[PDB]
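Below you'll find only one chain, the form deposited in one PDB entry, shown as structure tokens.
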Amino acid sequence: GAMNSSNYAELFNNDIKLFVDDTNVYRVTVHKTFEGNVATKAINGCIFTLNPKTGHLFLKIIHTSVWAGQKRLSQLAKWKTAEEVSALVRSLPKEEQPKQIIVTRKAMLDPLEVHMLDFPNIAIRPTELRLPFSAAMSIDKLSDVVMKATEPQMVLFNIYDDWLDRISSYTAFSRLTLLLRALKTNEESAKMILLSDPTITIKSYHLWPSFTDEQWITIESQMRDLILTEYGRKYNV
């Protein structure tokens, strides 16, 4: 069934699993037309498919050409997501295929189940966690590859950089979700926190800065403060 705070360590056991987030698949800008009506212009999107134990991210870039001449794009986006996730699974060796796929939005359950009928032993699950994966496009290197794509493309990343050399996957996921929640609540400030000190750089093969263990504690505290603040600045508290 659903994934919540009670079964949270299940994410870090040795059963292969993937989170699928579809919130950045169909992206638009809304604008006025010369006649003063409103229209949308699609921009490139992405499926965010993440193994929370290993940090492996399968970022399938959704090029705007996939929407050309199609209707009901928000509905189609869920089905396109499920088609691409199914294609990914079929492309993996059997021993790498997930035992469970956890979707971040319940509207992805039926599309994914139907596309995965051939895999009756892969469990398709919702979650009650409110995960901040929509903020993935606030990570500069991910946004850059999505916006530069001229055709459909899959790009593989490790979203934990090298953190698993020093910390467990539980701790790495908690750090990731903290960073993404901050970026979601106040992107400019979060990005300031992360890049204030120019002597700490992002390696060419990494997504986040090369913080020492002590610097990560400071960073992590700065992100919690930001989230609490905005939560005050929001509700006035």
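Start at 1 with the first residue shown and count on from there. Rigid core here is just the name for the largest C-alpha set that superposes within 1.5 Å across the two forms.
What comes next is about the form deposited with a partner chain bound, which is not displayed.
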*Going by heavy atoms within 4.5 Å, which of 204 to 212, 61 to 69, 169 to 177, 187 to 195 lines up against the partner chain in the deposited bound form?*
187 to 195
_My question is simply whether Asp140 lines the interface with the partner chain in the deposited bound form - judged by any non-hydrogen atom within 4.5 Å._
yes
*After the core is superposed, which of these residues, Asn37, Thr29, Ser204, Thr199, moves its CA 2 Å or more between the shown form and the other one?*
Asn37
